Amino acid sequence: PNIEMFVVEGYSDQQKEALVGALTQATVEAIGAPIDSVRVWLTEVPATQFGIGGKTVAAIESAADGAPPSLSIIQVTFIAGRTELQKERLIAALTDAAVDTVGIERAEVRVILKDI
């Protein structure tokens, strides 16, 4: 239900809105979550502040953090890690090897929707 992507600053509006759609599209399908319950945001990392193996991109990648509450088994995570990863290689493209998808489970005692 919360997906943050850290990516390099090259991408255009269009790639952004299709990347949002896709992560959202890829999320509702795999884990069967509500579309209106899906939040995404992307984060432009400047080439001057993003390093692969110790040196900046400017001197020379896509990271996806998923925030679910814990109601998901390992198989439905395999599918999510799979679906999140595939559709981001489709639009706002990048090799599969260069996309990392992270799953952070939040205890229901630790996620607050409105007051509760």
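In case it trips you up, residue 1 is the first one in the sequence shown, and so on.
Student: Just how many deposited residues go unmodelled from residue 60 to residue 61: none, 1 to 3, 4 to 9, or 10 or more?
Tutor: The entry has 4 to 9 unmodelled residues between residue 60 and residue 61.
Student: Per the record, averaged over C-alpha atoms, which has the higher B-factor: 15-23 or 88-96?
Tutor: Between 15-23 and 88-96, it is 88-96 that shows the higher mean C-alpha B-factor.
Student: Could you check which stretch, 34-42 or 70-78, carries the larger mean CA temperature factor in the entry?
Tutor: The recorded data point to 70-78.
Student: Sorting by Cα B-factor within the chain, modelled residues only, which third would residue 64 end up in: lowest, middle or highest?
Tutor: It falls in the bottom third of the chain.
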